[PDB]
Structures are given as structure tokens and as C-alpha cells.
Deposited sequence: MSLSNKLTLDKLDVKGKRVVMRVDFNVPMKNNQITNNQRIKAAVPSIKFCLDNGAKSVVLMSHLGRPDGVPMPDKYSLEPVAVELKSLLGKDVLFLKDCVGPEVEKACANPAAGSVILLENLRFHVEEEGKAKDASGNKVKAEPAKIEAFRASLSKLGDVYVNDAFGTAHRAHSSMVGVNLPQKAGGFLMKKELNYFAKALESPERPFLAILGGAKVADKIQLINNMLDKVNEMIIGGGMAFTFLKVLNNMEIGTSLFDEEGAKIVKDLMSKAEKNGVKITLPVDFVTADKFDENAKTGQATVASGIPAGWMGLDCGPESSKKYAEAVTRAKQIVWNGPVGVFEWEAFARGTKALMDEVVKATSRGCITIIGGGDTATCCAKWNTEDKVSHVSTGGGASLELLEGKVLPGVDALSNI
């Protein structure tokens, strides 16, 4: 951000601040399971209020409601409650993020007002697909722009997304916040001359998105574990494995052999799982089973964790690493029946940190592993960015950063 306006140089006195944050927090039973991302924005928010901002209007997405209002499922209102306690100031929650009533609420607020808007992705114009029309995208952006006099982007977690709230706000001063700065600085340092072998661990559930990041990552790392939900696309293509109802990406399947070829060309050792804990449905209380790559996963069952032989291979890769970036649990760690693989890998990553490995864990869900097993201070860095971090690993400038004002 050397070339970009940042909040430390933004005059906020008497100014309404509209601030993009990543408040896409994990949820279970309608309760927030990790407030890490909310906590992480508090320094920028407090700084605005402390230096005389008239208001701070906070805006974020939650989940992927795909451009339709889903207040029953993906409302930010529970975040408003949680932010109140973390800030030490109350926060007014609005039931939309645009236009007439929202604009009036944000137009001329009482001094020191903190305002949290509803989920930006309840509008198709944020992403804007989920057919979004250009004229409406423009109007959405124009509405968001009215809500502050100056703009701050502290949404590191979302910085890889060229969405309306992230790149489309039209105000004279668009400043990076302190979390954006903290995260970018940490990665700049850690990615400059990584310790080697440099292992990437890619798991989780955002297969369509994250399979597309592997190609450029293969020029940067010396090993890659491909686990969690990601593995099944590779296994079906490479091994002709039956995967049942496990996560599968049709588009990504088409580049699996090219990715493996590139890994071979680049001397990147690829560790895929060889065994699984299976489930008869996507449920905490599913009946469970065991499968190997040889046995395949039965029709109508899904692999929701790796098994012990996979964990041993993962451990082997960790033991070789001098640096690790991990994004994506290697099973559905939120459910105890499917948490063992991720716990075992976490145990190994902590053991690695203790003998000098530089260990970076990132993501809304993956950081929640750290919170669950109390390892946030037992690894080198826990990032609020998952996909955002992997895009820095590829060597990319993030759109949310690129959109900021130059100095």
C-alpha cells in the first residue's frame, strides 16, 4: 500500500466514513462461531471515531445469498450485536444497504454514529450476477457512495473480489484500512523469499473458485496438499475413483491432468488423500463409514473427512516444510464426526511451528479451526483472508487494494 492512500493519512474529522469490511463470519445454529473477522476491523473503526468521524457506515456480505434477499438465512443483524460489545459503542442496524431509507439514515447522522448495513449480496448488483444490468450496477454503486464522504476498505477477506462495494465506490478519497495494511504487510514479508520447502495446503469447500488458483500457485510452492472438498475432483479424474455425492467441480475436472503435469514439470510434490470418513447425507448426525481410494465411496455417500492413512501423508509433508500456507479444512471440522483429519493436521502444524516452521493459516472457516482448538497463538500467523491470501500467494494484486486512491 506504499502507493496507496491509507487510513493513517485520511482526514476523518467531521467526515462520514463508509467502510467496506469482511464480516462474512462463520455461523452454526444461527450463532456466530468465530468473531475473528469482526474483531479484526475494530482498530480502523475505533480510529475513525477517535479522530472525529461523524459516522462510520459498515458494509459487508455474508455467505452467498446470490443476489436475493435472504434475511432468514444470511442477515448481518447478529454481527451488529457482536460488534457492539467488541467496540464499546452501540451500532444501528439497517435492514437494507441502499437506497431511499438507508440514504436518509446515513445522510446526516448524530456525531459518532456507527451504522451496519444489511448483507450487500441481497442485491444482485454487488457481485453482480447470481444477469445483473449495467445501469443498475451503476445506481447501486452511486447509492453506496452517498452513505459516506470518504471511503475505507478494510475488507482483506474479500479483497480478491472485484464487487461493487469493493471497487465501485465513487468518492474522492478511498483509503486502505489498518487490517488491510496488516495483512498485506505480513504476506509481503513472508512471500518475498519463502523458507523452503514451501508447502501449500488447500482444502475446504469452495472448489470451483479455489481449483482455479492452483495453476499459478504451482510456480511458487514446492509441495501441495490437496485435501478437504477439493480432493474429490482430482481423485475422480486421476484415479477413476467413485466419489458418490462428494463435492465435485465439473469445470475444474477439465484441468486436473494439466495441473498434475505442471506440478511434475515444476517439481511440486502433490499429496492427495488415500482414505476417507464418509457420510450418508450432509448432516451433523449422518451415518458414517470408511473408504479408501481403492474401495471408492458408495453411491449416495460423501467423503467428509480424510482417514488415518491420509493424515499420515499430510503429516509427512508438514514435517518436510520450512514454510506452510494453509487455506481450507481437510474435513467438515464443524461436525465432530468429521473433525479428526483437521485436528490431526492442526496438531502437526503446531508441532512444525515449534521447531521453526513459518506457519500461516488463513480463511473465515480455517481460522475457526484455530479458534476451536486454541491454536491462534501456536502458529506463525492467522489470516482473516482465505482465497484472498491464496491470490497473494499466486502473486496477484488484489482488486480491493488496486481500487484504492493512489498517493
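- Query: Hey, which stretches of the deposited sequence didn't make it into the model?
  - Reply: According to the deposited record, C-alpha coordinates are absent for 1 to 2, 133 to 140, which together make up the missing parts.
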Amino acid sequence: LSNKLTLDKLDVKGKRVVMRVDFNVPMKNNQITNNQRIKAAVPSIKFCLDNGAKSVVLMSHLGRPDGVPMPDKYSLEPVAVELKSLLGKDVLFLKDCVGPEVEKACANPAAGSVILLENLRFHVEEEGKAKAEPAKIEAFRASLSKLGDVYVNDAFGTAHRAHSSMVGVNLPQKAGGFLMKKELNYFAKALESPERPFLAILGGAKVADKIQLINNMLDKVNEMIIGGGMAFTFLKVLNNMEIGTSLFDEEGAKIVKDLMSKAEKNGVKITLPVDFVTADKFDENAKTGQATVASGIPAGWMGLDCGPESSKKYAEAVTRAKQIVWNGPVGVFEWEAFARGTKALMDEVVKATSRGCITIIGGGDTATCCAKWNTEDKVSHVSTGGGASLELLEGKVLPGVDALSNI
From here on, numbers count along this sequence of modelled residues.
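- Query: Which is higher in the entry, the mean Cα B factor of 297 to 305 or that of 182 to 190?
  - Reply: According to the PDB entry, the answer is 297 to 305.
- Quick one: say whether 227 to 235 or 91 to 99 has the higher mean Cα B-factor in the deposited entry. The entry gives the higher C-alpha B-factor average to 91 to 99.
- Item | Most elevated Cα B-factor in the entry, residues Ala135, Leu213, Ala162, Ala205 | That would be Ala135.
- Query: Say you rank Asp154, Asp149, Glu125, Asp275 by Cα B-factor from the PDB entry; which sits at the top?
  - Reply: In this record, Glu125 carries the highest C-alpha B-factor of the candidates.
- Place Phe140 in the lowest, middle or highest third of its chain's C-alpha B-factors, as listed in the PDB entry. As the PDB entry reports it, the C-alpha B-factor of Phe140 lands in the highest third of its chain.
- Message: Is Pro65 in the lowest, middle or highest third of its chain when residues are ranked by C-alpha B-factor?
- Response: Top third by C-alpha B-factor.
- Query: Lowest, middle or highest third of the chain for the C-alpha temperature factor of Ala175?
  - Reply: Lowest third of the chain for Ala175's C-alpha B-factor.
- Against its chain's modelled residues, does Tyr74's Cα B factor rank lowest, middle or highest third? Ranked within chain, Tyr74 CA B lands in the highest tercile.
- Message: Per the entry's values, where does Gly244 land by CA temperature factor relative to the rest of its chain, in the lowest, middle or highest third?
- Response: Its C-alpha B-factor, which the entry lists for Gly244, ranks in the highest third among residues of this chain.
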